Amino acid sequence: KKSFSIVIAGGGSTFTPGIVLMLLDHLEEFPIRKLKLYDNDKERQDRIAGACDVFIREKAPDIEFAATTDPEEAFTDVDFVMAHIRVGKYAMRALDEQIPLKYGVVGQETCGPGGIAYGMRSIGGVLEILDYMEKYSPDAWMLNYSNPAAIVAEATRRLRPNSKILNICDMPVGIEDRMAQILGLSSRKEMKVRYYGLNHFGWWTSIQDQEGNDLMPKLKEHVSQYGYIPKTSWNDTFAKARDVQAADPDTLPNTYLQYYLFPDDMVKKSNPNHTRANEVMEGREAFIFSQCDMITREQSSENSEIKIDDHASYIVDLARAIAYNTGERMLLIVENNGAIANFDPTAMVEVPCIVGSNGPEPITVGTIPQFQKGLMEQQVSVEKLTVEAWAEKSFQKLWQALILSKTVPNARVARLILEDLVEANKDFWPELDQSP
């Protein structure tokens, strides 16, 4: 029409019902002919697929829908792969959080030792799906929000350098939404921003409206008193941005920087017996990964309780920009190679890009200050050592990765944490030499 064929890898997730829903709302600006679900376990996806099946029939029945665990069925004749796989699922996420916490160290999905562990699990999963895409639809793009994006992006850069995969993250979008609310704008798309960093590790340097008016002084005065909370708890993520932002008053921070600049505050935010993976399993998981069972039985929308995930509109914005060559400016994770002049050219950086049908065209950042440089060189080193550990099957390189982390207080605690993660992750990591 032109209409696009899409496969969601990680169909038995609890995000997918929310995004099929969002994909249906965005059908005018991004039309679909085929939507397939891919997962390795049939019975999780089937039960998700039954509710998606109902949605598709209500709003756009002429879309071909199928759920499958067979790679060839899934990845043949698609234009885009939307990947949100979680190797090890929430059970491993729980351990990623809890193991470090036992030692007084930040326990978090993508930051600190929990992030490194998840990274080690994820690399293999993402490479698997990417190879299926290249084997069955060589010209499709993979839009990967499968975390932790910084480590996975470094893996693909090294191990699959020519592949059409874009690693992406919704945090900046979420923060920009709150910025737009603070400024009285109808939408974040009314702002034109400059930004640099690593994934979950960056700064806005310039924010203006379409006319070129500077919005930054207004945002800074607000954020320096309230964080990213619109006018209407010191350690809540968005409130806490106020403390992070004072480290560098000329910019505005990614909220994830709290885990690095105030690690010991964050250690005590999580219940060590009942972490965020447990708050997600009660809140969502069994909530929707079996209100889908009702929607399948009924075979209707109920005035349904599963909300439209309007936060995942950014994945559709990206697919659109590639499909119709819109040239929209978006923050993506790409190989630096000069975008940040005075930073490792081989690093994956999160920077504004003009997105078109050939992929992103990164915009130059120029020279960055010493504060951000130092922080980013340390952190990228953690991510690069983690990928080296994975590719070389090296225990030593992984230990070095933990030693380097700003969240880890010393090399002995680094080793203790590593020995515990090795044990917890035996089914999901490659076997490491020297000497687990």
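Each residue number is its position in the shown sequence, starting from 1.
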item: Residue 232-residue 233 interval: deposited residues absent from the model; value: 4 to 9
item: Which of 137-145 and 253-261 has higher mean CA B factor, as the PDB entry lists it; value: 137-145
item: Per the entry, higher mean C-alpha B factor between 414-422 and 19-27; value: 19-27
item: Residue of maximum C-alpha B factor among 346, 156, 291, 245, per deposited coordinates; value: 291
item: Given 32, 401, 408, 37, the residue at which the Cα B factor reaches its maximum; value: 32
item: Position of residue 310 among the chain's modelled residues by C-alpha B-factor, lowest, middle or highest third; value: highest
item: Record-listed C-alpha B factor of residue 112: chain third; value: middle
item: Assigned third (lowest, middle, highest) for the C-alpha B factor of residue 299; value: highest
item: Residue 54 CA temperature factor, ranked by third within the chain; value: highest
item: Third assignment of residue 318 from its chain's C-alpha B-factors; value: middle
